[PDB]
Every structure is written in structure tokens, then in C-alpha cells.
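# A look at the structure
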Amino acid sequence: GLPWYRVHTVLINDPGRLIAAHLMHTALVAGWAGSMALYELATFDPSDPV
Amino acid sequence: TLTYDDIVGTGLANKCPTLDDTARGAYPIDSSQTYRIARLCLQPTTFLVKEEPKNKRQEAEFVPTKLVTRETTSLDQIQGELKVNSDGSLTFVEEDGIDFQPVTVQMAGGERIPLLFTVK
Ligand code: CLA
Ligand code: CLA
Ligand code: CLA
Ligand code: CLA
Ligand SMILES: CC1=C(/C=C/C(C)=C/C=C/C(C)=C/C=C/C=C(C)/C=C/C=C(C)/C=C/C2=C(C)CCCC2(C)C)C(C)(C)CCC1
Ligand SMILES: CCCCCCCCCCCCO[C@@H]1O[C@H](CO)[C@@H](O[C@H]2O[C@H](CO)[C@@H](O)[C@H](O)[C@H]2O)[C@H](O)[C@H]1O
């Protein structure tokens, strides 16, 4: 048993599975990035900037 | 010169009659003779839609809009007598013709404004 709060330790020396991990975080933050954008475009009212 | 198989599809059928830069002439109005208008054409080019008041009474302007239909805008074949009543002024009286076209333009924001472009 490895504790749950350590599961991600399996990468401390796997530059491949680390870059793989890091690649997935970036991918998610972009998803969210454009994701958010769309949500806002789908609800932003431009009719009055005053 | 240009015929149907000559205009079909070119969309020239919507644009109407031009006068080569030779104009600036003067069509003598007899007054002792009755005049009529054979063909009066009206070709739309730009449509504007006064931005609904903001509520805040601050002079609303007419903004441009995108034509969501196609080249189905021109009024043509319009005719009627060009009456020459006293004091030299002319008065055209529309009698009949393709004097109306349902146009729909997509506005700046998102809306779609359908109007009945006419001169009935
Ligand atoms: C810069 C980013 C960063 C990175 C890459 C790491 C990386 C690491 N941390 Mg560290 N950590 C960080 C920031 C970071 N930490 C911060 C800011 C704190 C203070 C809160 C800590 C506190 C901390 C502790 C106390 C421990 C680690 C441990 C570890 C190692 C294993 C992690 C694990 O098992 O996760 C697996 C985790 C889970 C199964 C639970 C996740 C639960 C949270 C509450 C859910 C939140 C979810 C949500 C999606 C997150 C959004 C993130 C937000 C910032 C946008 C790993 C090397 C462990 C270690 O050293 O192991 C020997 C360990 O015990 N970290
Ligand atoms: C030639 C020089 C060089 C360059 C330009 C980079 C560039 C980069 N490194 Mg790498 N690195 C290098 C040498 C280099 N490294 C060496 C010698 C090592 C030791 C083995 C490492 C070890 C290393 C680690 C351990 C990590 C990085 C990471 C990263 C990225 C961080 C920023 C990011 O994620 O942007 C976000 C992405 C973009 C918007 C850019 C996408 C476009 C790229 C440039 C093209 C990808 C296609 C190309 C054909 C193949 C990849 C080439 C590779 C050299 C990067 C970035 C792309 C991190 C990572 O994994 O990133 C996710 C990371 O954790 N690097
Ligand atoms: C520069 C800014 C930045 C930084 C430094 C980080 C850093 C981190 N991110 Mg985050 N992320 C960011 C921006 C950033 N992110 C953005 C803009 C998004 C888009 C919304 C995400 C989305 C994201 C996701 C979807 C995931 C991460 C995860 C992670 C952690 C991965 C490593 C790890 O194992 O941690 C170990 C864990 C920790 C120390 C996290 C606790 C720290 C935060 C601050 C607490 C948040 C509190 C939370 C609401 C309380 C829940 C409690 C629970 C009991 C109910 C790391 C702490 C992964 C993760 O946390 O999985 C384990 C993950 O799945 N990030
Ligand atoms: C390919 C390149 C690329 C480009 C051109 C953009 C462009 C944009 N992004 Mg996206 N983004 C990218 C990749 C890219 N992104 C990637 C790979 C991710 C992760 C998946 C994201 C995640 C992301 C998020 C989460 C968000 C954006 C947002 C935005 C918009 C502007 C926001 C802003 O002001 O950021 C400014 C950023 C910074 C302050 C970065 C500089 C960081 C510090 C100051 C420097 C640290 C430097 C370090 C210490 C080195 C030393 C420096 C040395 C010279 C001395 C902009 C359209 C925002 C938006 O509006 O969403 C639509 C937003 O919220 N992006
Ligand atoms: C099968 C196949 C394939 C593949 C696949 C792939 C590659 C996939 C991917 C996938 C993916 C990649 C997926 C993803 C998913 C996602 C999700 C599921 C998300 C979600 C999200 C959310 C839920 C959100 C939210 C929100 C809101 C609500 C608002 C605000 C903002 C936000 C956005 C945050 C190929 C092409 C080869 C071909 C053959 C077939
Ligand atoms: C090929 C790359 C593709 C990239 C992704 C592009 C996606 C573009 C989506 C943008 C977000 C649209 O968000 C959506 O906007 C339209 C207006 O335009 C809104 O439409 C709203 O006003 C129109 C009138 O203008 C009403 O007829 C409609 O019933 C009402 O919901 C939607 O309520 C909103 O949910």
C-alpha cells in the first residue's frame, strides 16, 4: 500500500510519465480556458457597454 | 442585348438599369402632353436599423445590418401616370408593379429584422 495522498509519487523519476502527466494538466487548463469562454459568450449581453 | 440565358444566375436580374456617364441632360416636360412612367425601379443597397432606444433618451442612430436573404430585394416594373398639375410640379402616381419584397437582415447584436421593403 501507497497512501492515497502519494499516488502521484510514481512519477518522481519517470520523465516520460511526468511529461505525460504535465501534458494532461496543460490540456485540461486549455479545455477549461476555451470552455469558460464559450459559456460566457453564450450568456454575455453586448447590447450596452455603458 | 443581354437576355435571360444571359442574365440567369449572374444576379444581374436584381441590379437595375444604369445610364453611362453621358447624362445630365434634360427631359422636356410639355404640360400640354400627358406623361406616365413606363418602368420605375428601386434597387436596395444598404439597410439601417435605428438602435432601439437605450431607454436613456440619448439620440439613437441607424446602424448597418447584414443581408441574411440573397439578391431578392429590388422593386421593379412599378408604373403609373406622371401627372403634371399646375405650378409646374410633377406628381407620380404608382399604379402597379412588383412594388414590395420581404427582406430580412441580421443585425449587429444577433437579431434578425424582417421588413416589407415597399413603396405601395
Ligand atoms: C505546483 C503544484 C504542486 C505539485 C506539482 C505537487 C506535487 C506533489 N505533491 Mg504537493 N502541494 C502543493 C502543490 C503541488 N504539489 C500545495 C500548494 C500544497 C499545500 C496544500 C501541497 C501539499 C502537499 C502535501 C501535504 C503532500 C503533497 C504531496 C505531493 C506529491 C504527491 C501528490 C499526490 O499524491 O497527489 C494525489 C492527491 C489526491 C488523491 C487528492 C487531491 C485532493 C484535493 C483536495 C482535490 C482538489 C481537486 C481539484 C481538482 C484541484 C484543482 C487545483 C487548483 C490549484 C486549481 C507530488 C510530488 C504528498 C507527498 O509529499 O507525498 C510523499 C503530500 O503528502 N503536497
Ligand atoms: C530544445 C530546447 C527545449 C525546448 C524548446 C523545450 C521546451 C519545452 N519543454 Mg522541455 N526539455 C528539454 C529541452 C527543451 N524543452 C530537455 C533537454 C529536457 C531534459 C530531457 C527537457 C525536459 C522537460 C521537462 C521535464 C518538461 C519540459 C516541458 C517543456 C514545455 C513547457 C512549456 C509548455 O508546456 O507550453 C505549452 C505548450 C505549447 C503551447 C507549445 C506546443 C508546441 C511545441 C513547441 C511543439 C511540440 C512538437 C515538437 C515536434 C516536439 C516537442 C519538442 C520538445 C523539445 C519540447 C516546453 C514545450 C514541460 C512539459 O512537459 O510541458 C507540457 C516539462 O514538464 N521539458
Ligand atoms: C499556475 C497555476 C496553477 C497551479 C500552480 C496548479 C497546480 C495544481 N493543479 Mg491546477 N489548474 C489550474 C491552475 C493551476 N494549477 C487551472 C487554471 C485549472 C483549470 C480549472 C486547473 C485544473 C486542475 C485540475 C482539473 C487538476 C489540477 C491539479 C493540480 C495539482 C497537480 C499536482 C498534484 O498532484 O497536487 C496534489 C494536490 C494538491 C496539493 C491540491 C490541493 C490544493 C488546492 C489549492 C486546494 C483547493 C481546495 C479544494 C476546493 C477543497 C476540496 C476538499 C475536499 C476534502 C472536498 C497542482 C496542485 C490536479 C489535482 O489536484 O489532482 C490531485 C487536477 O486533477 N488542476
Ligand atoms: C500558444 C500560445 C497561447 C496563446 C497565444 C494564448 C493566449 C491567451 N490565453 Mg491561453 N493558454 C495556453 C496557450 C496560449 N494562450 C496554454 C498552453 C494554456 C494551458 C492549457 C492556456 C491557458 C489559459 C487560461 C487558463 C486562460 C488563458 C487566457 C488567454 C488569453 C489572455 C489572457 C492573459 O492575459 O494571459 C496572460 C498570462 C500571463 C500573466 C503569463 C506570464 C506569467 C508570469 C508573469 C511569468 C512567469 C515567468 C517565469 C518566472 C520566467 C522568468 C521570466 C524572465 C523573462 C525574467 C489569451 C488569448 C485567458 C482567457 O481569457 O481565456 C480565454 C485565461 O483565463 N489561457
Ligand atoms: C474514437 C475515435 C477517435 C478518438 C477519440 C478521441 C481523441 C477522443 C477525445 C475525447 C476528449 C478530449 C473528451 C473530452 C471530454 C470532456 C468533457 C466531458 C468536458 C466537460 C466539461 C464540463 C462539464 C465543463 C463545464 C463548464 C461549465 C458548465 C460552465 C463554466 C465553464 C466550464 C467549461 C468549466 C479517433 C479520432 C482517433 C478516430 C476513430 C474514433
Ligand atoms: C468551426 C469553429 C467553431 C468554434 C465554436 C463557435 C461557437 C459559437 C457559439 C457562441 C455562443 C452562442 O451563445 C448563444 O448566442 C445566441 C445569439 O447569437 C443566443 O440566442 C439568443 O438570442 C437570439 C436572437 O438574437 C434568440 O433567437 C435565441 O432564442 C436566444 O437564445 C443564445 O441564447 C446563446 O446561448
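Residues numbered from 1 in each chain as written, not as in the entry; some residues may be left out. Chains lettered and ligands numbered in written order. Part of a larger assembly, values for the part shown. Heavy atoms only, no water. Residues with missing side-chain atoms left out of burial classes, pairs and counts.

Looking at the method and resolution fields of the entry, one finds X-ray crystallography and 3.00 Å.

Within the PDB entry, the label attached to chain B reads Photosystem II manganese-stabilizing polypeptide, and the organism entered is Thermosynechococcus elongatus. As deposited in the PDB, this entry carries the title "Crystal Structure of Photosystem II from Thermosynechococcus elongatus".

In the nomenclature of the PDB entry, chain A is known as CP47 protein of Thermosynechococcus elongatus.

## Observations concerning the environment of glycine 88 of chain B
Topologically, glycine 88 of chain B is positioned in the loop between β4 (75-84) and β5 (90-92). Taking the relative accessible area as the measure of exposure, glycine 88 of chain B reaches 62% and is therefore exposed. (Helix = DSSP H or I, 4+ residues; strand = E, 2+ residues; numbered from the N terminus. Buried < 20%, exposed > 50% of the residue type's maximum accessible area, 1.4 Å probe, protein only.)

## Quick word on the state of the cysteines
Joining two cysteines, a disulfide is a covalent bond between their sulfur atoms. Residue and element names in this part refer to chain B. Using the criterion set out here, one finds one disulfide over all chains in the structure. Paired by a disulfide, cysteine 16 and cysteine 41 hold their sulfur atoms 2.1 Å apart. As the torsion about the S-S bond is roughly -90 degrees, the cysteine 16-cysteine 41 disulfide counts as left-handed. Here the residue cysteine 16 occupies a position in the loop between α1 (4-7) and β1 (35-42), and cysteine 41 occupies one in strand β1, the gap between them amounting to 25 residues. The two residues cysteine 16 and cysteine 41 agree in class, both being buried. (Disulfide = S-S within 2.5 Å.)

## Quick look at the site of ligand 5
Residue and element names in this part refer to chain A. Every residue lining ligand 5 is accounted for by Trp32, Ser35, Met36 and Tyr39. In isolation ligand 5 has 980 Å² of accessible area, and contact with the protein removes 15% of it. A class-by-class count of the residues in the shell around ligand 5 yields three nonpolar, one polar and no charged. (Near = heavy atom within 4 Å. Areas by Shrake-Rupley, 256 points an atom, 1.4 Å probe, with all protein chains shown as cover. Nonpolar A, V, L, I, M, F, W, Y, C, P; charged D, E, K, R; others polar.)

## With respect to the sheet that holds strand β2 (residues 48-50) of chain B
Residues and elements named next belong to chain B. Read from one edge of the open sheet, four strands run β2-β3-β7-β8, paired in antiparallel fashion. Every other strand in the sheet has two partners, leaving β2 and β8 (112-118) as the edge strands with one partner each. Across the sheet, the mean angle separating the axes of adjacent strands is 50 degrees when strand polarity is ignored. Taken together, the three bridges between β2 and strand β3 (residues 62-67) define a ladder with antiparallel strand orientation. For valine 49, the partnering residue across the bridge sits in β3 and is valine 63. (Pairing = 2+ DSSP bridges. Axes fitted to C-alpha atoms, helices over the stretch in contact; angles between N-to-C directions.)

## Notes on the pairing of β3 of chain B
Bridge count for β3 of chain B against strand β7 (residues 100-107) of chain B is three bridges, and the pairing is antiparallel. Within the sheet, the bridge partner assigned to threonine 65 of chain B lies in β7 of chain B and is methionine 107 of chain B.

## Quick notes on the nonpolar core
Residue and element names in this part refer to chain B. Grouped together as the largest cluster of nonpolar side chains are six residues: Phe47, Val49, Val103, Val105, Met107 and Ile113. Counting residues per element, this core draws most heavily on β7, which supplies three residues. Those residues in contact with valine 103, other than ones at most four positions away along the chain, are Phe47, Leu67, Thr69, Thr73, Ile113, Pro114, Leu115 and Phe117. (Core = buried A, V, L, I, M, F, W, Y, C linked by side-chain atoms within 4.5 Å. Contact = heavy atoms within 4.5 Å.)

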